[PDB]
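Have a look below at one chain only, the form deposited in one PDB entry, in structure tokens format.
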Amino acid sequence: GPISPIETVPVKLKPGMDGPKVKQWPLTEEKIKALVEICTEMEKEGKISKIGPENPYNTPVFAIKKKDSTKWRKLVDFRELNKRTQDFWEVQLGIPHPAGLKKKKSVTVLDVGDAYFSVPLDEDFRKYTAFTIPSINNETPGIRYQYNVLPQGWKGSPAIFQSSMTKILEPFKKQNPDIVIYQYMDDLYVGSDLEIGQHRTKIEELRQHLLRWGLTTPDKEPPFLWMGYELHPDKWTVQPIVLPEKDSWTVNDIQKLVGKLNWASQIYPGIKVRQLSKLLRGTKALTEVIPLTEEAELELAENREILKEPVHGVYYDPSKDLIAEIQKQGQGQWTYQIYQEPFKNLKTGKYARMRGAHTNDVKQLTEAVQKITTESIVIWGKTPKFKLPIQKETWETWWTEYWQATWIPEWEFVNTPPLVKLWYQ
């Protein structure tokens, strides 16, 4: 197809790295049908072109439906390409995160990924965006395509588009200087303190700014811009470490407490267990009731107070990975911690009563991952790396059935049961 009127930005892989070579995983019939339909139209619009097998690169593709959406959306899994793509700070098109966003009373997330297809992709980089639509039963060779335009989900796309996004948003930001806007991958986060009715009206004003810029570069362009997913981060809570309050303590209760306080002393150095462990002298039945001494009650009180204070020495470093651990607690409850150095937790939390509660652990864990990732984007500006309490094969069979986000974090699998579970229980 035509050379685009817009001049491209040169892009490279990181020095010494080759492009992605990632196998396509098998897809359900409905998702292959959706992809064939989507890619046929994208090809007609010049956004992608068919390629052959002499292109040695590949990236997996699938399709998702957002919450309450009946329309399939293409989702390319560029996680490997993104790891291999140059950083865009040095080329001077990073995107900085606003610390005020998390304080806003309402934050609406808009899908603006369609805008990226209006900018061409550097010709020499296109080969690295190859993907393959597979066929049911290996009956036909997969249909191979590559991108001619900034792809959705590639970290280069918001970087290269930002100068355009800045022009597009300039009049809205001038007219609404207290509204905070943050772009992350395919999403626009728009935070205000306005009343929810007025907030929603401002989001629609913003949406119209984007469609009015749709006149100047016709590829129809409002497929998912329509959707408004609303957050209220000023009301987000943290789940602190709590100790039981009981009128009667057994040996087992006190053992549980000393174990928890001993673990917690790695996070809060002022924690003591000496007077509590003194209650446990001898060789006692687990269900024998032990009355607390004045000294043990004072040690426990002191410990409760230490746990109410924030952890010392914790600061977010955007050059370091964010890590998120998740524990299954039972009864639809899931705890999590986000940190960059062990025992220096930036946030701890707990979810309950999510989709799939009491019937589907994988769906619930997928939702937790999505919520934690959204929180992380809002609070710090990037996605964590997950440690998931699930076997690889189970997660990899099912997670794409439940995924509703246009980003995908990285993850690893935990197969040894952690004591951390009872501590955040």
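One rule holds for the numbers: they count along the sequence shown, beginning at 1. For the two forms, the rigid core is made up of the largest set of C-alpha atoms that agree within 1.5 Å on superposition.
Below, we refer to the form deposited in another entry, which is not included among the displayed structures.
Shift analysis on the rigid core between this form and the one not shown singles out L225 from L346, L101, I326, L225 (C-alpha displacement of 2 Å or more).
Core-superposed comparison between this form and the one not shown: CA of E393 displaced by less than 2 Å. Taking the rigid core as fixed, one finds a CA shift for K66 of 2 Å or more between this form and the one not shown. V91: CA moves 2 Å or more between this form and the one not shown after rigid-core fitting. In that other deposited form, the separation between the C-alpha atoms of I160 and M227 grows by 3 Å or more relative to the displayed form. In comparison with the shown form, the Cα-Cα distance of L225 and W399 decreases by at least 3 angstroms in that other deposited form.
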